Every structure is written in C-alpha cells, then in structure tokens.
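Coordinates from data-v2.txt are shown below (compact mmCIF, C-alpha atoms).
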```
# COMPACT_ATOMS: atom_id res chain seq x y z
CA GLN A 6 -167.20 -101.03 -78.50
CA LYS A 7 -164.16 -100.42 -80.77
CA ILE A 8 -162.15 -98.16 -78.43
CA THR A 9 -162.04 -98.90 -74.74
CA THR A 10 -160.36 -96.66 -72.20
CA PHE A 11 -157.85 -98.82 -70.25
CA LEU A 12 -156.46 -98.01 -66.81
CA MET A 13 -153.22 -99.48 -65.49
CA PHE A 14 -152.90 -99.52 -61.69
CA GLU A 15 -150.15 -101.05 -59.49
CA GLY A 16 -152.26 -102.89 -56.88
CA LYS A 17 -155.42 -100.81 -56.54
CA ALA A 18 -157.41 -101.85 -59.68
CA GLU A 19 -160.07 -103.83 -57.84
CA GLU A 20 -160.59 -101.23 -55.10
CA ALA A 21 -160.70 -98.50 -57.75
CA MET A 22 -163.23 -100.33 -59.85
CA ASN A 23 -165.46 -101.02 -56.88
CA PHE A 24 -165.26 -97.28 -56.07
CA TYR A 25 -165.99 -96.07 -59.61
CA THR A 26 -168.90 -98.38 -60.25
CA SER A 27 -170.57 -97.00 -57.05
CA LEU A 28 -170.63 -93.41 -58.40
CA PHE A 29 -172.82 -93.71 -61.47
CA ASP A 30 -176.05 -95.37 -62.44
CA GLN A 31 -175.81 -98.59 -64.49
CA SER A 32 -172.24 -99.32 -63.61
CA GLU A 33 -170.98 -102.78 -62.69
CA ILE A 34 -168.08 -105.11 -62.70
CA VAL A 35 -168.41 -107.40 -65.75
CA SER A 36 -165.39 -109.72 -65.41
CA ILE A 37 -162.32 -109.96 -63.19
CA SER A 38 -159.36 -112.34 -63.09
CA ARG A 39 -156.75 -112.23 -60.31
CA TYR A 40 -153.22 -113.55 -60.03
CA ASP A 41 -152.84 -116.81 -58.14
CA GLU A 42 -149.77 -117.85 -56.03
CA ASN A 43 -147.32 -118.13 -59.00
CA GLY A 44 -147.69 -114.62 -60.49
CA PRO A 45 -146.17 -112.81 -62.43
CA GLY A 46 -148.21 -110.17 -60.52
CA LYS A 47 -148.72 -110.26 -56.73
CA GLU A 48 -151.35 -112.72 -55.52
CA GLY A 49 -154.90 -111.35 -55.52
CA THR A 50 -154.11 -108.40 -57.83
CA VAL A 51 -155.99 -107.95 -61.14
CA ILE A 52 -154.73 -109.73 -64.24
CA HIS A 53 -157.52 -108.11 -66.25
CA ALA A 54 -160.96 -106.69 -65.44
CA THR A 55 -163.81 -105.14 -67.47
CA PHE A 56 -166.43 -102.88 -65.94
CA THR A 57 -169.05 -100.45 -67.11
CA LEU A 58 -169.63 -96.82 -66.16
CA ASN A 59 -173.14 -95.88 -67.21
CA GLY A 60 -173.17 -98.69 -69.74
CA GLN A 61 -169.74 -97.80 -71.26
CA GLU A 62 -167.07 -100.46 -70.95
CA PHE A 63 -163.73 -99.67 -69.30
CA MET A 64 -160.81 -102.01 -68.73
CA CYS A 65 -158.19 -102.13 -65.99
CA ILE A 66 -155.27 -104.16 -64.80
CA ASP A 67 -152.77 -104.25 -61.91
CA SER A 68 -149.43 -104.05 -63.63
CA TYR A 69 -146.97 -106.85 -62.65
CA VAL A 70 -144.12 -104.37 -63.31
CA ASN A 71 -143.49 -101.17 -61.36
CA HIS A 72 -143.34 -98.25 -63.80
CA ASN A 73 -141.71 -94.83 -63.46
CA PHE A 74 -145.00 -93.11 -64.50
CA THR A 75 -148.62 -93.08 -63.45
CA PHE A 76 -151.80 -91.23 -64.40
CA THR A 77 -151.53 -87.62 -65.44
CA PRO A 78 -154.15 -84.97 -66.28
CA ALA A 79 -153.17 -85.16 -69.98
CA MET A 80 -155.85 -87.88 -70.49
CA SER A 81 -158.88 -87.30 -68.29
CA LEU A 82 -162.44 -88.56 -67.88
CA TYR A 83 -164.96 -85.85 -68.62
CA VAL A 84 -168.29 -86.45 -66.91
CA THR A 85 -171.51 -84.70 -67.85
CA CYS A 86 -174.01 -84.79 -64.96
CA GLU A 87 -177.81 -84.23 -65.34
CA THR A 88 -178.36 -82.53 -61.97
CA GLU A 89 -176.66 -80.31 -59.41
CA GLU A 90 -177.20 -83.02 -56.83
CA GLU A 91 -175.40 -85.57 -58.95
CA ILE A 92 -172.39 -83.33 -59.71
CA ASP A 93 -172.11 -82.25 -56.04
CA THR A 94 -172.20 -85.85 -54.84
CA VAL A 95 -169.84 -87.37 -57.39
CA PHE A 96 -167.29 -84.55 -57.15
CA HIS A 97 -167.17 -84.77 -53.30
CA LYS A 98 -166.74 -88.51 -53.44
CA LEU A 99 -163.92 -88.35 -56.06
CA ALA A 100 -162.21 -85.52 -54.15
CA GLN A 101 -161.67 -87.71 -51.00
CA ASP A 102 -157.88 -88.00 -50.56
CA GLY A 103 -157.61 -86.50 -54.08
CA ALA A 104 -156.10 -83.32 -55.42
CA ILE A 105 -158.18 -80.39 -56.65
CA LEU A 106 -157.12 -78.85 -59.93
CA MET A 107 -160.16 -76.56 -60.33
CA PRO A 108 -162.64 -76.43 -57.48
CA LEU A 109 -166.28 -77.24 -58.21
CA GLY A 110 -168.21 -74.08 -58.94
CA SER A 111 -169.21 -71.47 -61.49
CA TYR A 112 -166.85 -70.39 -64.26
CA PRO A 113 -167.23 -68.14 -67.32
CA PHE A 114 -167.34 -71.29 -69.52
CA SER A 115 -169.77 -73.27 -67.28
CA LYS A 116 -172.50 -72.88 -64.64
CA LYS A 117 -170.95 -75.75 -62.73
CA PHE A 118 -167.55 -77.36 -63.40
CA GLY A 119 -164.66 -78.91 -61.52
CA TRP A 120 -161.46 -80.80 -62.20
CA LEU A 121 -159.60 -83.10 -59.83
CA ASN A 122 -157.36 -86.11 -59.49
CA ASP A 123 -158.87 -88.87 -57.44
CA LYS A 124 -157.07 -90.76 -54.66
CA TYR A 125 -155.63 -93.12 -57.31
CA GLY A 126 -154.30 -90.27 -59.42
CA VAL A 127 -156.94 -90.62 -62.16
CA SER A 128 -158.02 -87.20 -63.53
CA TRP A 129 -161.73 -86.37 -63.68
CA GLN A 130 -163.58 -83.33 -65.04
CA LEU A 131 -167.20 -82.85 -64.11
CA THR A 132 -169.72 -80.53 -65.62
CA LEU A 133 -173.45 -79.89 -65.46
CA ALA A 134 -175.31 -80.36 -68.82
CA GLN B 6 -172.47 -90.18 -73.57
CA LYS B 7 -171.90 -89.71 -69.81
CA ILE B 8 -168.12 -90.25 -69.74
CA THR B 9 -165.97 -88.84 -72.49
CA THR B 10 -162.26 -89.47 -72.80
CA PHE B 11 -160.52 -86.05 -72.99
CA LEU B 12 -157.06 -85.41 -74.41
CA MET B 13 -154.98 -82.36 -73.53
CA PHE B 14 -152.31 -81.43 -76.09
CA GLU B 15 -149.98 -78.38 -76.18
CA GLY B 16 -150.37 -77.29 -79.82
CA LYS B 17 -151.01 -80.50 -81.75
CA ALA B 18 -154.74 -81.17 -80.98
CA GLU B 19 -156.02 -80.35 -84.45
CA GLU B 20 -153.29 -82.30 -86.27
CA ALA B 21 -153.82 -85.22 -83.89
CA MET B 22 -157.55 -85.25 -84.38
CA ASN B 23 -157.22 -85.14 -88.15
CA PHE B 24 -154.81 -88.09 -87.87
CA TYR B 25 -156.99 -90.17 -85.54
CA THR B 26 -160.21 -89.68 -87.45
CA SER B 27 -158.43 -91.04 -90.59
CA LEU B 28 -157.66 -94.41 -88.95
CA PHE B 29 -161.10 -95.79 -88.22
CA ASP B 30 -164.43 -96.08 -89.96
CA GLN B 31 -167.15 -93.60 -88.95
CA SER B 32 -164.82 -91.11 -87.38
CA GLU B 33 -165.11 -87.37 -87.90
CA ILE B 34 -164.52 -83.99 -86.44
CA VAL B 35 -167.80 -82.78 -84.89
CA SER B 36 -166.90 -79.29 -83.61
CA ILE B 37 -163.76 -77.20 -83.24
CA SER B 38 -163.08 -73.73 -81.83
CA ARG B 39 -159.66 -72.05 -82.12
CA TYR B 40 -158.03 -69.20 -80.25
CA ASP B 41 -158.11 -65.85 -82.02
CA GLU B 42 -155.41 -63.09 -81.73
CA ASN B 43 -156.06 -62.27 -78.02
CA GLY B 44 -155.60 -65.76 -76.49
CA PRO B 45 -155.13 -66.97 -73.73
CA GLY B 46 -153.82 -69.83 -75.94
CA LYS B 47 -151.67 -69.26 -79.05
CA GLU B 48 -153.57 -68.15 -82.14
CA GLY B 49 -155.01 -71.00 -84.21
CA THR B 50 -154.68 -73.61 -81.44
CA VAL B 51 -157.74 -75.53 -80.17
CA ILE B 52 -159.89 -74.02 -77.45
CA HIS B 53 -162.08 -77.13 -77.50
CA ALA B 54 -162.90 -79.81 -80.08
CA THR B 55 -165.17 -82.88 -80.17
CA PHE B 56 -164.63 -85.77 -82.56
CA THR B 57 -165.79 -89.32 -82.96
CA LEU B 58 -163.79 -92.53 -83.32
CA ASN B 59 -166.10 -95.20 -84.68
CA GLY B 60 -169.10 -93.30 -83.41
CA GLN B 61 -167.67 -92.74 -79.88
CA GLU B 62 -167.16 -89.13 -78.87
CA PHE B 63 -163.75 -87.91 -77.71
CA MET B 64 -162.76 -84.40 -76.67
CA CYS B 65 -159.48 -82.53 -76.96
CA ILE B 66 -157.94 -79.17 -76.30
CA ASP B 67 -154.62 -77.35 -76.77
CA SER B 68 -153.70 -76.27 -73.28
CA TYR B 69 -152.93 -72.51 -72.93
CA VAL B 70 -150.52 -73.43 -70.09
CA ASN B 71 -147.36 -75.50 -70.46
CA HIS B 72 -147.49 -78.42 -68.02
CA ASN B 73 -144.70 -80.52 -66.52
CA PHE B 74 -146.50 -83.75 -67.60
CA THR B 75 -147.92 -85.28 -70.74
CA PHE B 76 -149.54 -88.56 -71.77
CA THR B 77 -148.36 -91.74 -70.13
CA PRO B 78 -149.20 -95.42 -70.73
CA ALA B 79 -151.14 -95.52 -67.42
CA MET B 80 -154.33 -94.55 -69.35
CA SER B 81 -154.39 -96.05 -72.84
CA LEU B 82 -156.80 -96.56 -75.72
CA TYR B 83 -157.49 -100.23 -76.31
CA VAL B 84 -158.60 -100.96 -79.86
CA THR B 85 -160.28 -104.16 -80.95
CA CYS B 86 -159.89 -104.70 -84.71
CA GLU B 87 -162.10 -107.05 -86.83
CA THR B 88 -159.40 -108.10 -89.31
CA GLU B 89 -155.67 -108.71 -89.62
CA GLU B 90 -155.57 -106.13 -92.38
CA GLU B 91 -157.12 -103.50 -90.16
CA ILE B 92 -154.80 -104.16 -87.19
CA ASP B 93 -151.70 -104.23 -89.46
CA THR B 94 -152.67 -100.95 -91.09
CA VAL B 95 -153.68 -99.03 -87.98
CA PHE B 96 -150.69 -100.20 -85.93
CA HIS B 97 -148.20 -99.20 -88.69
CA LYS B 98 -149.80 -95.81 -89.04
CA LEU B 99 -149.80 -95.13 -85.25
CA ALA B 100 -146.19 -96.38 -84.96
CA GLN B 101 -144.84 -93.63 -87.32
CA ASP B 102 -142.47 -91.50 -85.20
CA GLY B 103 -143.92 -93.35 -82.17
CA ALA B 104 -142.41 -95.63 -79.58
CA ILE B 105 -143.06 -99.38 -79.48
CA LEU B 106 -143.87 -100.84 -76.10
CA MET B 107 -144.83 -104.33 -77.36
CA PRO B 108 -144.35 -105.04 -81.04
CA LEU B 109 -147.34 -106.22 -83.07
CA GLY B 110 -147.47 -109.99 -83.18
CA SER B 111 -148.49 -113.20 -81.47
CA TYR B 112 -148.43 -113.56 -77.70
CA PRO B 113 -149.60 -116.27 -75.27
CA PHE B 114 -152.60 -114.04 -74.37
CA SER B 115 -153.48 -113.05 -77.99
CA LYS B 116 -153.16 -114.16 -81.62
CA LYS B 117 -152.35 -110.58 -82.55
CA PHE B 118 -151.56 -107.73 -80.15
CA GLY B 119 -149.37 -104.66 -79.92
CA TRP B 120 -148.82 -101.66 -77.69
CA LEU B 121 -147.26 -98.34 -78.64
CA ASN B 122 -147.15 -94.63 -78.00
CA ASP B 123 -147.98 -92.57 -81.03
CA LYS B 124 -146.00 -89.54 -82.23
CA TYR B 125 -148.01 -87.36 -79.82
CA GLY B 126 -147.27 -89.59 -76.85
CA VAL B 127 -150.79 -91.08 -76.66
CA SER B 128 -150.71 -94.80 -75.70
CA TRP B 129 -152.59 -97.29 -77.87
CA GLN B 130 -153.14 -101.04 -77.51
CA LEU B 131 -154.42 -102.98 -80.48
CA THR B 132 -155.80 -106.46 -80.58
CA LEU B 133 -157.57 -108.75 -83.02
CA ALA B 134 -161.10 -109.87 -81.90
```
Kindly present the structure from the file in structure tokens form.
Amino acid sequence: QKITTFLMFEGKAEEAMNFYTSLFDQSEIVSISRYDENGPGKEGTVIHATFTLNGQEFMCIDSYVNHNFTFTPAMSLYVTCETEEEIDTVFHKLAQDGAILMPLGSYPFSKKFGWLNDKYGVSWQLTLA
Amino acid sequence: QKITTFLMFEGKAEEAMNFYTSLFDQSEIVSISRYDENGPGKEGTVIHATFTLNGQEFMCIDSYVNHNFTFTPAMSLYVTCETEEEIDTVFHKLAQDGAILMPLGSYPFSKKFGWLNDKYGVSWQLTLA
C-alpha cells in the first residue's frame, strides 16, 4: 500500500479504532504501541497503530501535542455498501453522538446516501452500490 | 474498494488531481464530470471525479457551497516511498507553495521523513520504506 490514510486523534485513537474495526467485515487491529510513563504523550495513549477496514490499511495516532484543528468534512471516508441492511446498520452506528450532514435516504444522485461526522469528528459518506 | 478517501475542494479539484496523478507511478484520472452553464457549482468546476494514485482510487469534487473549513492535518495521506530519489522528488514537488510541518530529513523514528501541507492545504507525510 503506497498511500495510507492517517488519522490523528488527541486521546481517542484506540477507542476509535476498536469502534471502526467493528463496523465492517475483514477489519482488525494489526499493530498498536502505547506511551509508557515517560511520554511525550499521556500514558496509555497511542504512539502509532495500524488497522484494516475491509482489508485496507489505515494508520492512527494520539497526538502528544494539542492542536488548534481537528477533523473536517474536507477529507472524508466514502463507503460503498453492498446491501440496504449494511448501509442502515453502519450509518446508525456512526451517527451515535455524531452530527448529520445529509440524512440517510434517497436523493436525485443516489437511491441511498448519507453523510455524517462520527462522535470523533471523522466525516463519513455512505452509499449503496 | 469499500472505503475511498474523498477530497472536497472549492474550485481546484481538477488542477489538484492533475498535479497528484503526476507524482506517482500508475496514477491516472479515471472519470470526471464538470458543471455546465446552469450549476449549481460554477461552470467548468468538478461535479465528481475519480482518480487513482498508484492503483488506489480516490474521489474529489469542487463543492458548490463555500464552507467555513478546509483540509487540516488531522487526516493526512501517508506515503511510503521505495527510494531516496523518489521521496526527495515527491516531497519537493508537494512543498511548492505549501507549508512545511516537519522538514524532510532524518529523525529518531525514521531515516527519512517529512510532513507538509501542499498548496491546496492537503496534508502529506512521506517516509522511506
């Protein structure tokens, strides 16, 4: 994999990864290293982790620096789902304590599409193929 | 491809795509549709486009709405390069009218690594494998 999408959290990487890998088939945590007692990040937070979503590798970290930005909808994860059941289930899960940008439903451009930010602020688009 | 990384620009999608697909082997524009005279986006801007970077599909659009956000470093594109020549060349190209976050060089964690935002604001990390 030459280009890997890389998510920078500020304390929630591990929780987020555990959540994401539960949503899709063939998704697992590959590797994870966590800060010990002497930092520079807070103890137990992610130094670096690699995980797959449906076989595709993603990376994340917990930043040891607080930044003045976070995730925006300008770079989003576009998910193509095989079935109505899958899109309904994944959307509802990702929507929990999230923010809806376009509610899941029918649009001129799509039989079934939605757009949200999840509870971590990560932007997801979901469509039925 | 179940999960596709999706970039939302405000007028520069096509230029950006042409730029990105020039930087890596086996990268091309797959499909592109552009707004005609009656919008809702400005004429000639991208309705939707799909392109590959080293075989991996990416999507982009030119948003027909101006947003109060853009790209941030919270979601970045992590590139693993095979050779010093490749990393030197791609970094220098992406740095043009960009912003350096970590200059390209040696670090405790890597023989050769850098982190920047390109001229469009898209955040890229580059490392030598």
Please return, as a JSON list (two decimals) with C-alpha atoms, in the frame of the given file, all residues of chain A lying within 6 Å of chain B when only C-alpha atoms are considered.
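Once everything was written out, this is part_16.json:
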```
[["chain", "number", "residue", "atom", "x", "y", "z"],
["A", 7, "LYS", "CA", -164.16, -100.42, -80.77],
["A", 8, "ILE", "CA", -162.15, -98.16, -78.43],
["A", 9, "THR", "CA", -162.04, -98.90, -74.74],
["A", 10, "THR", "CA", -160.36, -96.66, -72.20],
["A", 11, "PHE", "CA", -157.85, -98.82, -70.25],
["A", 12, "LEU", "CA", -156.46, -98.01, -66.81],
["A", 13, "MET", "CA", -153.22, -99.48, -65.49],
["A", 75, "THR", "CA", -148.62, -93.08, -63.45],
["A", 76, "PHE", "CA", -151.80, -91.23, -64.40],
["A", 79, "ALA", "CA", -153.17, -85.16, -69.98],
["A", 80, "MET", "CA", -155.85, -87.88, -70.49],
["A", 81, "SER", "CA", -158.88, -87.30, -68.29],
["A", 82, "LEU", "CA", -162.44, -88.56, -67.88],
["A", 83, "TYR", "CA", -164.96, -85.85, -68.62],
["A", 84, "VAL", "CA", -168.29, -86.45, -66.91],
["A", 85, "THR", "CA", -171.51, -84.70, -67.85]]
```
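Counting from atom CA of residue 42 of chain A, the distance to atom CA of residue 71 of chain A is 18.6 Å.
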Report summary line: In terms of all atoms listed in the file, the residue from A:21, A:35, A:121, A:92 at minimal distance from residue 105 of chain A is A:121
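The shortest atom-to-atom distance to residue 106 of chain A, with only C-alpha atoms taken into account, belongs to A:122 out of A:88, A:94, A:31, A:122.
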Requested in this report: Quick one: residues within 12 Å of (-160.9, -98.1, -54.3) (file frame), counting only C-alpha atoms, please, as a ChimeraX atom specification.
Outcome: /A:14,16-28,98-99,101-102,123-127
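The gap separating atom CA of residue 100 of chain B from atom CA of residue 30 of chain B is 18.9 Å, in Å to one decimal.
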Report, as lines of an AutoDock Vina configuration file, the axis-aligned box around all atoms of segment 51-67 of chain B present in the file, extended by 3 Å on each side; give centre and edge lengths in Å to one decimal place.
```
center_x = -161.9
center_y = -84.6
center_z = -80.5
size_x = 20.5
size_y = 27.2
size_z = 14.4
```
Report summary line: Here atom CA of residue 52 of chain A and atom CA of residue 119 of chain B stand apart by 17.3 Å
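Between residue 55 of chain B and the candidates B:34, B:39, B:116, B:67, the tightest atom-to-atom separation, counting all atoms listed in the file, involves B:34.
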Query raised in the report: Which one is closest to residue 109 of chain A: A:49, A:57, A:132, A:91? Count only C-alpha atoms.
Result: A:132
